[PDB]
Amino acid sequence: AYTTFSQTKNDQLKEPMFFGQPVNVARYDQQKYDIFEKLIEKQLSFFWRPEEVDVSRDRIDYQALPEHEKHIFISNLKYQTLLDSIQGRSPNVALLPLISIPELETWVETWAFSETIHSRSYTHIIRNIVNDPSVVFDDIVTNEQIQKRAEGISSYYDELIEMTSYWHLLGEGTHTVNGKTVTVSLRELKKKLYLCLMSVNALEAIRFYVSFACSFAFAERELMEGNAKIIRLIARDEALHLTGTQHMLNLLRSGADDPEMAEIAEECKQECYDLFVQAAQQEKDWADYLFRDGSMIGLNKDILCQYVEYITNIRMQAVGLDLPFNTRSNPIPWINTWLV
């Protein structure tokens, strides 16, 4: 039931963000929600190329680092690489088949594209600091400490993609496939999409920012300055990506877009809350594996843990969820030098 060009002439200003008629004409002279056009323009204005950044000194900096610090830096870089590997392809494969307005479709493609630039930047960094890049890349797929998160993230996407395929092929109803009953509910697919968006928002709002803290902690000591310059550019892109997911989520719950979605937003309010806490908890547990052999100037298990609660509280409130942690001011305001 999916088509690359719906032959029905429809009003793209009246379609819901998702599940409406697939988009036909890509036009940008008008939009249901201006924010997505603004985000596309900003992202295009931010276009940068990794190769332009000098990372010639990061090699020696990395070599001079104590072993536990090399571990902290590389483990963090591997996680960033993993996140953008998934983000460069998933928004496209998972969201594109369900978007019903042109500005969001193009925003999703632009967003995914900017992530491939990030992936290209990580290769640029990695090849200029280790001699044998292959060791680093393989450890990304099999690192036990890392794969727990990837699995959980990939899962939401994989499940939504699967349910979408069934919906497009069979439509709503109770069907039979090779002797098994297969139930396809649009309401459940909508719930799937909502929770997946919330998960991507957490990936954007928390997972990445916790990794930025680690990267910039090195920059503060004037180490790995090539890497810092690249992460600063990536962080500027992520701020836009998070702005996009926050608007999608708030538009869906404010009842402005699809009434049934506003309904669902309220329905799984508790589940959404636990999803967020879980993510915060994962980044916390990670700080354990990170500083297993020691800490460093500006960063340690406790400070990092405090930043997680701080950032999580802000992000959750931004999407209308209750705060899970004790309120406090920023534990590491020095990071603002590198962020927004």
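One-based numbering along the sequence shown.
Averaging only over Cα atoms, indicate whether 325-333 or 20-28 has the higher B-factor in the PDB entry. It is 325-333.
When the C-alpha temperature factors are averaged for each of 246-254 and 146-154, which stretch ends up with the higher value in the entry? If you average the C-alpha B-factors of 246-254 and of 146-154, the larger mean comes out for 146-154.
Which one of 262, 74, 108, 93 shows the top CA temperature factor in the record? If I rank 262, 74, 108, 93 by C-alpha B-factor, first place goes to 262.
Identity of residue with top Cα B-factor, from 39, 279, 60, 308: Among 39, 279, 60, 308, the PDB entry lists the largest C-alpha B-factor for 60.
Place residue 46 in the lowest, middle or highest third of its chain's C-alpha B-factors, as listed in the PDB entry. Lowest third of the chain for residue 46's C-alpha B-factor.
Would you check the entry's CA temperature factor for residue 102 and let me know if it's in the chain's lowest, middle or highest third? Its C-alpha B-factor, which the entry lists for residue 102, ranks in the lowest third among residues of this chain.
Can you tell me which third, lowest, middle or highest, the CA B-factor of residue 134 falls into for its chain? For residue 134, the deposited C-alpha B-factor lands in the highest third.
If you rank the chain by CA B-factor, which third does residue 162 end up in: lowest, middle or highest? For residue 162, whose C-alpha B-factor we compare with every modelled residue in the chain, the answer is the lowest third.
Considering only modelled residues of the same chain, in which third does the CA B-factor of residue 270 rank: lowest, middle or highest? As the PDB entry reports it, the C-alpha B-factor of residue 270 lands in the highest third of its chain.
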